[PDB]
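Notes for the structure review
Residue strings, one per chain:
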Amino acid sequence: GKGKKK
Amino acid sequence: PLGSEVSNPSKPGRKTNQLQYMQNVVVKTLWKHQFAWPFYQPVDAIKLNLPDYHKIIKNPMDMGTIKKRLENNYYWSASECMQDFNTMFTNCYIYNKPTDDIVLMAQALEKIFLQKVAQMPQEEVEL
């Protein structure tokens, strides 16, 4: 989710 | 939702050049960006599990919400969409840290946004 979607 | 609408007969919602333009041209091309994928889903709060989103962010919007009002002819012209479009980008910058992937994406996404907007019909033509 919200927090580096790599 | 049950209260605020996305389509309303009594409320003006004509089809102008700018309106139809930004709908198919601007947001639809913003949509086609492969970095715009985290903005494919509207803030339902439950679905994406963002409960405090509705407390910190002023107008929790994305790209699916913008296009929803556009396809439902909520406004009169695309000039009113410039509001929600502007918030969708700022929202990400505020809630998320400047080192986040979504922010990095939003920064690039914004390029094609202004790109197509600068080419908007600066005169406007009601259809």
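Residues numbered from 1 in each chain as written, not as in the entry; some residues may be left out. Chains lettered and ligands numbered in written order. Heavy atoms only, no water.

Deposited coordinates in this entry are attributed by the record to solution NMR.

Going by the PDB entry, chain B carries the name Bromodomain-containing protein 3 and comes from Mus musculus. Here the PDB entry's recorded title is "Complex between BD1 of Brd3 and GATA-1 C-tail".

1. A closer look at the state of the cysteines
All names here are of chain B. According to the stated counting rule, one finds 0 disulfides over all chains in the structure shown. No disulfide involves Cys81; its sulfur sits 18 Å from that of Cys92, the nearest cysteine. By relative accessible area, which is 0% here, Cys81 ends up buried. (Disulfide = S-S within 2.5 Å. Buried < 20%, exposed > 50% of the residue type's maximum accessible area, 1.4 Å probe, protein only.)

2. A few points about the packing of helix α1 (residues 17-31) of chain B against helix α4 (residues 81-95) of chain B
Helices that pack against each other are described as a pair by the angle of their axes relative to one another and the distance between those axes. All names here are of chain B. The interhelical angle for the contact between α1 and α4, taken along N-to-C directions, is 5°, at an axis separation of 13 Å. In this view, α1 runs roughly parallel relative to α4, as classed from their interaxial angle. Counted together, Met22, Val26, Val27 and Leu30 of α1 and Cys81, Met82, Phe85, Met88 and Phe89 of α4 form the full contact between these two elements. Its residues assigned to classes, the contact of α1 with α4 shows 9 nonpolar, no polar and no charged. (Axes fitted to C-alpha atoms, helices over the stretch in contact; angles between N-to-C directions. Helix = DSSP H or I, 4+ residues; strand = E, 2+ residues; numbered from the N terminus. Parallel < 35°, antiparallel > 145°, perpendicular 65-115°, else oblique. Contact = heavy atoms within 4.5 Å. Nonpolar A, V, L, I, M, F, W, Y, C, P; charged D, E, K, R; others polar.)

3. Some words on the nonpolar core
All names here are of chain B. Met22, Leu30, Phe39, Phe85 and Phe89 are the most contacted members of the largest nonpolar core, which totals 28 residues. Of all the elements in the fold, those that place two or more residues in this core are α1, α3 (64-71), α4 and α5 (101-117). In terms of residue count, α5 provides more of this core than any other element does, 8 residues in total. (Core = buried A, V, L, I, M, F, W, Y, C linked by side-chain atoms within 4.5 Å.)

4. Regarding unusual backbone geometry
Most peptide bonds take the trans form, and the phi angle of most residues other than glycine is negative. Of note, the phi angle at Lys4 of chain A is positive, near 60°, even though the residue is not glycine. Note on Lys4 of chain A: relative accessible area 47%, which makes it partly exposed. One non-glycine residue, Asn73 of chain B, lies in positive phi territory at about 55°.

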